[PDB]
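Below: the structure, in C-alpha cells.
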Amino acid sequence: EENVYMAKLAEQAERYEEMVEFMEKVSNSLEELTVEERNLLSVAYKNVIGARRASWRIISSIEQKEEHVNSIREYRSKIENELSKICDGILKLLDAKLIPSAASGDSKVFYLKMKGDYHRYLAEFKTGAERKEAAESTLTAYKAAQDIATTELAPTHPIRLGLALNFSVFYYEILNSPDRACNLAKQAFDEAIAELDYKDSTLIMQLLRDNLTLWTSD
Amino acid sequence: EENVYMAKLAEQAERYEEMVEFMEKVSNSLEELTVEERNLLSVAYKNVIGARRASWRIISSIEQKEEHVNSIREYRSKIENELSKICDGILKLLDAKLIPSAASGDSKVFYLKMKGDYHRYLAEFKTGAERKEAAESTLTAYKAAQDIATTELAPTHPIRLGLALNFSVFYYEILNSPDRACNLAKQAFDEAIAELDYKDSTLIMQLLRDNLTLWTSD
Amino acid sequence: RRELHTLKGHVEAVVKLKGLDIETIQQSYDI
Amino acid sequence: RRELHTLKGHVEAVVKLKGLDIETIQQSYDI
Ligand SMILES: CC(C)C[C@H](NC(=O)[C@H](O)[C@H](N)Cc1ccccc1)C(=O)O
Ligand SMILES: CC(C)C[C@H](NC(=O)[C@H](O)[C@H](N)Cc1ccccc1)C(=O)O
C-alpha cells in the first residue's frame, strides 16, 4: 500500500522514473493488480518513455535539417539506448507477472495493448532484426487484444477504442500501409458512433477522426 | 564550440542535466565566457535546479496537508540532497572560473547575482549552520552585485532589474523582513519608471509589481 | 511567460493540473 | 488535452516554443 502511496508522490512531483521503480516494486510484491495500480504503473511508463520519444523525435528532426550529423547521431544513440531499457523494463514485467494473471476481458486487452505499444516504441527507432521482430511482436499483441476487445468490450469502451487508435498508427507508421490504417480507424470510429446513445472515449474518437483527415490529405 | 553545440541539442531535447554537463565542460575548456555561453550555462542550471525546487515545493506542501509524514519526509530528503549537489556544482564553478575573470559591469553583476540565487536556493531548505551561512553568503553576494549594478547599469537593465527582483525575495522570504523587501522592490520599480522613455525588463518590472501587491495584501 | 519563466507560475500550473486539493503554497516571483 | 495526453500534441507545443525553424516532423496521434 506503501509503494503505491510512494507512487503518487513521485507522480505529484513529476519524478516519473522513480514512479516506475515504485510501481515495479509494487507488482512483484503482489495476485491481481488493481485498476488503480495498473493505471499508475502505466502512467509512469507512459511519461518516462514519453519524454524519451519526444526528445528522440526532436533530435531526429534536427539531424534531418542538418544533412554535426554525427554528434547528433551519437546523441540519438544514447537516447536510443534509454528507450530499449524502459521498453525492456515493462515488457518483461508483462510476461512474468502481468499478462499471465489477467482474469478479465478489459485487463487482458489492457495489457495486450501495452505490450503492443511497447514493441511499438522499440519499432520506431530500431533498425534490424530488431525492427522486424518488433514490428511482428507488435502486430501479434495488438491482434490478440483486438480479438478479445472487439468481442467482449463495447465499441465505445476506452480500451477497445485506444487499442484501435494505436493499432492503426502501427499500420500507418510502422508497416506503412495506410489503407489498412484508415479502414481500422474508420471502422472503430463508426461503431462507436453506432452506439453513442463518457470522456476518455470522447477524446479518443476525436483522435481517430484527426488521424483520418490527416491520413487522407497526405 | 562543440560542447556549446551539444549544449543546444540537450536544450532542444529538454535534457537539462546533460545540458549542465556540457556547459560545465565548456567552461573548464575555456578566458572570457561569452554572452551566449553564460546564458546557456545559466538556463541549464536554472532548469535543473528549477525542477527540484518545484518538486520540493509540491511535496513540502503535501507534507503539510498530512500532519506518511515520514515517507514524504524521507522523499523530500532525497530531493533535498539533489539540491545541494547542483547548487554545489555551480557555486564552486563561480569562484574558480567564473567570477575571478569577469571583465565588466554586467558580467560581475550577472555572476554575483547567480551566486546570490544559488545560496538562496540552499537557504530555502537547509536548516542549520547551513541555513545561516547560506542566508549570509546570499546577502553578501547580492549586496556587492547591488553596489556595482546600481552604479554602472541603467535602472532599466534586465540585470539591475532581475537582481533587485531576487534580492528582495530573499528578504521577503529568507530573512523574512517584508519592510526591507517592499522598499527594495518599490525602489527598483520606480527608477525604472523614471527612465522608461525592452522585453526582459518589461516582464521583470511586472513581477516586481505583482510581488508588491502580494506582499502588501498579506 | 510567468508560467514559463517563473518557478511560482510553473508550480501553479502543475498543481492546478494535478487536481491537488492542498491549500496554497507560499511563493513570490523570482527570476 | 491533446498536448497533455498525446505525444504529437506535446511535441508540437515544445517545438513551437523552442523557436525551432526545422520543418515539420511526422506523427499522428496515439494514446
Ligand atoms: C526570462 C529568463 C530570465 C528565465 C529563463 N529560464 C528558462 O529559459 C527556463 O527554461 C524556464 N523558463 C525556467 C523554469 C524552469 C523550471 C521550472 C519553471 C521555470 C532563463 O534562465 O534566463
Ligand atoms: C488520456 C490517457 C490515456 C493518457 C495518460 N497520460 C498521462 O497521464 C501522462 O501524464 C501524459 N498526459 C502523457 C504524456 C507524457 C509525456 C509527454 C507527452 C504526453 C495515461 O497514461 O493514461
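Starting from 1 in every chain, residues are counted up; chains themselves are A, B, ... following the order of the C-alpha cells, and ligands are numbered from 1 as listed.
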
- Message: What does the list of residues within 7 Å of ligand 1 look like if you count only C-alpha atoms and all ligand atoms, written as a ChimeraX atom specification?
- Response: /B:39,42-43,46-47,50-51,54,200 /C:3-7,10,31

Residues of the last selection are to be written out with N, CA, C and O atoms, as a PDB file, in the first residue's frame.
ATOM      1  N   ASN B  39      24.745  32.625 -20.815  1.00  0.00           N
ATOM      2  CA  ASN B  39      23.289  32.345 -20.848  1.00  0.00           C
ATOM      3  C   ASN B  39      22.896  30.885 -20.954  1.00  0.00           C
ATOM      4  O   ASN B  39      22.019  30.443 -20.238  1.00  0.00           O
ATOM      5  N   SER B  42      23.546  29.165 -17.594  1.00  0.00           N
ATOM      6  CA  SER B  42      22.568  29.609 -16.603  1.00  0.00           C
ATOM      7  C   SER B  42      21.169  29.022 -16.797  1.00  0.00           C
ATOM      8  O   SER B  42      20.495  28.639 -15.822  1.00  0.00           O
ATOM      9  N   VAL B  43      20.731  28.984 -18.058  1.00  0.00           N
ATOM     10  CA  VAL B  43      19.480  28.330 -18.422  1.00  0.00           C
ATOM     11  C   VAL B  43      19.512  26.878 -17.966  1.00  0.00           C
ATOM     12  O   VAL B  43      18.547  26.375 -17.350  1.00  0.00           O
ATOM     13  N   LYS B  46      19.358  26.753 -14.276  1.00  0.00           N
ATOM     14  CA  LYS B  46      18.041  27.293 -13.997  1.00  0.00           C
ATOM     15  C   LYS B  46      16.995  26.180 -14.037  1.00  0.00           C
ATOM     16  O   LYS B  46      16.218  26.028 -13.087  1.00  0.00           O
ATOM     17  N   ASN B  47      16.996  25.394 -15.123  1.00  0.00           N
ATOM     18  CA  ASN B  47      16.057  24.291 -15.320  1.00  0.00           C
ATOM     19  C   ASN B  47      16.286  23.054 -14.410  1.00  0.00           C
ATOM     20  O   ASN B  47      15.334  22.470 -13.847  1.00  0.00           O
ATOM     21  N   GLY B  50      15.502  24.267 -11.045  1.00  0.00           N
ATOM     22  CA  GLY B  50      14.053  24.585 -11.120  1.00  0.00           C
ATOM     23  C   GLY B  50      13.130  23.397 -10.925  1.00  0.00           C
ATOM     24  O   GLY B  50      12.125  23.453 -10.175  1.00  0.00           O
ATOM     25  N   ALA B  51      13.450  22.298 -11.599  1.00  0.00           N
ATOM     26  CA  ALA B  51      12.645  21.105 -11.469  1.00  0.00           C
ATOM     27  C   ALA B  51      12.740  20.639 -10.024  1.00  0.00           C
ATOM     28  O   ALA B  51      11.743  20.351  -9.402  1.00  0.00           O
ATOM     29  N   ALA B  54      10.635  22.838  -7.745  1.00  0.00           N
ATOM     30  CA  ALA B  54       9.221  22.636  -7.906  1.00  0.00           C
ATOM     31  C   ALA B  54       8.875  21.395  -7.156  1.00  0.00           C
ATOM     32  O   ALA B  54       7.857  21.337  -6.471  1.00  0.00           O
ATOM     33  N   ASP B 200      12.704  41.979 -21.407  1.00  0.00           N
ATOM     34  CA  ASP B 200      13.127  41.032 -20.391  1.00  0.00           C
ATOM     35  C   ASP B 200      12.914  42.007 -19.237  1.00  0.00           C
ATOM     36  O   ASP B 200      12.554  41.614 -18.134  1.00  0.00           O
TER      37      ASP B 200
ATOM     38  N   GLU C   3       4.426  31.510 -16.329  1.00  0.00           N
ATOM     39  CA  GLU C   3       4.475  30.064 -16.104  1.00  0.00           C
ATOM     40  C   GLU C   3       5.676  29.457 -16.819  1.00  0.00           C
ATOM     41  O   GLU C   3       6.131  28.357 -16.504  1.00  0.00           O
ATOM     42  N   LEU C   4       6.204  30.189 -17.781  1.00  0.00           N
ATOM     43  CA  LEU C   4       7.358  29.695 -18.468  1.00  0.00           C
ATOM     44  C   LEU C   4       8.552  30.165 -17.702  1.00  0.00           C
ATOM     45  O   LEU C   4       9.505  29.430 -17.502  1.00  0.00           O
ATOM     46  N   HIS C   5       8.503  31.399 -17.228  1.00  0.00           N
ATOM     47  CA  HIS C   5       9.737  31.972 -16.755  1.00  0.00           C
ATOM     48  C   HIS C   5       9.897  32.021 -15.290  1.00  0.00           C
ATOM     49  O   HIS C   5      10.986  32.377 -14.785  1.00  0.00           O
ATOM     50  N   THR C   6       8.860  31.602 -14.575  1.00  0.00           N
ATOM     51  CA  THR C   6       8.997  31.662 -13.146  1.00  0.00           C
ATOM     52  C   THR C   6       8.619  30.393 -12.462  1.00  0.00           C
ATOM     53  O   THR C   6       7.699  29.683 -12.867  1.00  0.00           O
ATOM     54  N   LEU C   7       9.339  30.113 -11.389  1.00  0.00           N
ATOM     55  CA  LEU C   7       9.005  28.978 -10.607  1.00  0.00           C
ATOM     56  C   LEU C   7       7.544  29.068 -10.153  1.00  0.00           C
ATOM     57  O   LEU C   7       6.757  28.150 -10.415  1.00  0.00           O
ATOM     58  N   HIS C  10       5.113  28.259 -12.843  1.00  0.00           N
ATOM     59  CA  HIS C  10       5.180  26.824 -13.110  1.00  0.00           C
ATOM     60  C   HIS C  10       4.522  26.023 -12.019  1.00  0.00           C
ATOM     61  O   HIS C  10       3.772  25.090 -12.271  1.00  0.00           O
ATOM     62  N   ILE C  31      13.221  35.256 -10.591  1.00  0.00           N
ATOM     63  CA  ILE C  31      13.530  35.251 -11.967  1.00  0.00           C
ATOM     64  C   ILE C  31      14.398  34.030 -12.276  1.00  0.00           C
ATOM     65  O   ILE C  31      15.549  34.006 -11.889  1.00  0.00           O
TER      66      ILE C  31
END

Within 10 Å of chain D: each chain B residue with its shortest pair, only C-alpha atoms, as CSV:
residue,atom,partner,partner_atom,distance
B:11,CA,D:18,CA,8.8
B:12,CA,D:18,CA,6.8
B:13,CA,D:14,CA,9.1
B:14,CA,D:14,CA,9.1

Could you fit chain D onto chain C with a least-squares superposition over all C-alpha atoms, matched one to one in order, and give me the transformed chain as a CSV table (one decimal) with C-alpha atoms, in the first residue's frame?
chain,number,residue,atom,x,y,z
D,1,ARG,CA,5.6,34.0,-19.7
D,2,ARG,CA,5.0,33.8,-15.9
D,3,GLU,CA,4.5,30.1,-16.1
D,4,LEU,CA,7.4,29.7,-18.5
D,5,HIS,CA,9.7,32.0,-16.8
D,6,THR,CA,9.0,31.7,-13.1
D,7,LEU,CA,9.0,29.0,-10.6
D,8,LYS,CA,5.8,30.3,-9.0
D,9,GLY,CA,4.0,30.3,-12.3
D,10,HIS,CA,5.2,26.8,-13.1
D,11,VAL,CA,4.3,25.5,-9.8
D,12,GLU,CA,0.8,26.8,-10.1
D,13,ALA,CA,0.2,25.3,-13.5
D,14,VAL,CA,1.4,22.0,-12.2
D,15,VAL,CA,-0.9,21.9,-9.1
D,16,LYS,CA,-3.9,23.2,-10.9
D,17,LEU,CA,-3.3,20.3,-13.2
D,18,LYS,CA,-2.5,17.6,-10.7
D,19,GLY,CA,-6.0,18.3,-9.2
D,20,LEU,CA,-4.2,19.0,-5.9
D,21,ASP,CA,-6.6,19.7,-3.1
D,22,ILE,CA,-3.9,21.0,-1.0
D,23,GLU,CA,-4.1,24.6,0.3
D,24,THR,CA,-1.9,27.2,-1.4
D,25,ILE,CA,1.8,27.1,-1.0
D,26,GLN,CA,3.5,30.4,-0.5
D,27,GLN,CA,5.8,31.9,-3.0
D,28,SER,CA,6.5,35.1,-4.8
D,29,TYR,CA,8.0,35.7,-8.1
D,30,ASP,CA,11.7,35.3,-8.8
D,31,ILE,CA,13.5,35.3,-12.0

- Any idea what's packed within 10 Å of residue B:99, counting only C-alpha atoms, ignoring anything in its chain fewer than 5 positions away? Could you give it as a PyMOL selection string? chain B and resi 93-94+107-112+115

- Query: Skipping near chain neighbours, those fewer than 2 positions away, what residues fall within 10 Å of residue A:106 using only C-alpha atoms, listed as a ChimeraX atom specification?
  - Reply: /A:102-104,108-112,145,148-149,152-153,157-160

- Task: Please identify every residue of chain A that has at least one atom no more than 12 Å from any atom of chain B, counting only C-alpha atoms, and report them as a ChimeraX atom specification.
- Result: /A:1-16,18,51-63,68-76,78-79

- Task: Name all residues at most 12 Å from residue B:30 (count only C-alpha atoms; drop same-chain ones fewer than 5 positions away) and give them as a list in words.
- Result: residues 1, 3, 4, 23, 24, 25, 37, 38, 97, 98 and 101 of chain B

Write the residues of the selection above to a file with N, CA, C and O atoms, as an mmCIF file, in the first residue's frame.
data_model
loop_
_atom_site.group_PDB
_atom_site.id
_atom_site.type_symbol
_atom_site.label_atom_id
_atom_site.label_comp_id
_atom_site.auth_asym_id
_atom_site.auth_seq_id
_atom_site.Cartn_x
_atom_site.Cartn_y
_atom_site.Cartn_z
ATOM 1 N N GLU B 1 33.575 24.725 -29.171
ATOM 2 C CA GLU B 1 32.482 25.195 -29.983
ATOM 3 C C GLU B 1 31.545 24.040 -29.988
ATOM 4 O O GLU B 1 30.347 24.197 -30.049
ATOM 5 N N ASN B 3 30.976 21.739 -27.576
ATOM 6 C CA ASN B 3 30.245 21.380 -26.387
ATOM 7 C C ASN B 3 29.060 22.309 -26.215
ATOM 8 O O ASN B 3 28.072 21.952 -25.571
ATOM 9 N N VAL B 4 29.193 23.490 -26.821
ATOM 10 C CA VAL B 4 28.179 24.540 -26.899
ATOM 11 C C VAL B 4 27.065 24.007 -27.754
ATOM 12 O O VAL B 4 25.887 23.976 -27.371
ATOM 13 N N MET B 23 27.863 22.164 -20.372
ATOM 14 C CA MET B 23 28.197 23.580 -20.139
ATOM 15 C C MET B 23 29.307 23.743 -19.107
ATOM 16 O O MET B 23 30.171 24.604 -19.261
ATOM 17 N N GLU B 24 29.325 22.878 -18.109
ATOM 18 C CA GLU B 24 30.497 22.759 -17.266
ATOM 19 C C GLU B 24 31.738 22.539 -18.138
ATOM 20 O O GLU B 24 32.706 23.289 -18.031
ATOM 21 N N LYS B 25 31.718 21.503 -18.980
ATOM 22 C CA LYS B 25 32.896 21.137 -19.741
ATOM 23 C C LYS B 25 33.307 22.389 -20.436
ATOM 24 O O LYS B 25 34.474 22.750 -20.463
ATOM 25 N N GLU B 37 27.399 31.827 -24.161
ATOM 26 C CA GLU B 37 27.754 30.712 -23.297
ATOM 27 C C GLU B 37 27.177 30.898 -21.913
ATOM 28 O O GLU B 37 26.616 29.968 -21.321
ATOM 29 N N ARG B 38 27.332 32.112 -21.391
ATOM 30 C CA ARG B 38 26.978 32.375 -19.992
ATOM 31 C C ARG B 38 25.517 32.138 -19.859
ATOM 32 O O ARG B 38 25.106 31.463 -18.955
ATOM 33 N N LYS B 97 36.214 29.671 -11.828
ATOM 34 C CA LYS B 97 36.452 30.175 -13.170
ATOM 35 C C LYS B 97 35.646 31.374 -13.418
ATOM 36 O O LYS B 97 36.091 32.272 -14.108
ATOM 37 N N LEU B 98 34.434 31.405 -12.894
ATOM 38 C CA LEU B 98 33.520 32.438 -13.377
ATOM 39 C C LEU B 98 33.799 33.865 -12.904
ATOM 40 O O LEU B 98 34.180 34.745 -13.701
ATOM 41 N N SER B 101 37.254 36.112 -13.387
ATOM 42 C CA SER B 101 37.649 36.598 -14.709
ATOM 43 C C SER B 101 36.731 37.655 -15.244
ATOM 44 O O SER B 101 36.943 38.149 -16.338
#

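Taking only C-alpha atoms, the non-local environment of residue B:166 within 8 Å (same-chain residues fewer than 2 positions away omitted) comprises residues 117, 162, 163, 164, 168, 169 and 170 of chain B; 30 and 31 of chain C.
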
Next, the residues of the selection above should be written as a PDB file, in the first residue's frame with N, CA and C atoms.
ATOM      1  N   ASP B 117      21.626  33.875  -6.015  1.00  0.00           N
ATOM      2  CA  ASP B 117      20.490  32.949  -6.226  1.00  0.00           C
ATOM      3  C   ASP B 117      20.830  31.531  -5.747  1.00  0.00           C
ATOM      4  N   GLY B 162      16.587  42.242 -12.562  1.00  0.00           N
ATOM      5  CA  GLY B 162      16.447  40.885 -12.057  1.00  0.00           C
ATOM      6  C   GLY B 162      17.143  40.757 -10.708  1.00  0.00           C
ATOM      7  N   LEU B 163      18.293  41.413 -10.562  1.00  0.00           N
ATOM      8  CA  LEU B 163      18.944  41.421  -9.241  1.00  0.00           C
ATOM      9  C   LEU B 163      17.979  41.901  -8.184  1.00  0.00           C
ATOM     10  N   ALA B 164      17.527  43.155  -8.333  1.00  0.00           N
ATOM     11  CA  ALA B 164      16.524  43.709  -7.388  1.00  0.00           C
ATOM     12  C   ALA B 164      15.375  42.739  -7.165  1.00  0.00           C
ATOM     13  N   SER B 168      15.012  41.008  -3.414  1.00  0.00           N
ATOM     14  CA  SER B 168      14.008  41.355  -2.423  1.00  0.00           C
ATOM     15  C   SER B 168      13.171  40.190  -2.064  1.00  0.00           C
ATOM     16  N   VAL B 169      13.253  39.114  -2.840  1.00  0.00           N
ATOM     17  CA  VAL B 169      12.521  37.920  -2.482  1.00  0.00           C
ATOM     18  C   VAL B 169      13.287  37.244  -1.353  1.00  0.00           C
ATOM     19  N   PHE B 170      14.603  37.415  -1.382  1.00  0.00           N
ATOM     20  CA  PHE B 170      15.466  36.922  -0.329  1.00  0.00           C
ATOM     21  C   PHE B 170      15.025  37.523   0.997  1.00  0.00           C
TER      22      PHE B 170
ATOM     23  N   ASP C  30      10.270  35.011  -8.638  1.00  0.00           N
ATOM     24  CA  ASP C  30      11.684  35.286  -8.817  1.00  0.00           C
ATOM     25  C   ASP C  30      12.056  34.807 -10.159  1.00  0.00           C
ATOM     26  N   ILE C  31      13.221  35.256 -10.591  1.00  0.00           N
ATOM     27  CA  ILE C  31      13.530  35.251 -11.967  1.00  0.00           C
ATOM     28  C   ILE C  31      14.398  34.030 -12.276  1.00  0.00           C
TER      29      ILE C  31
END
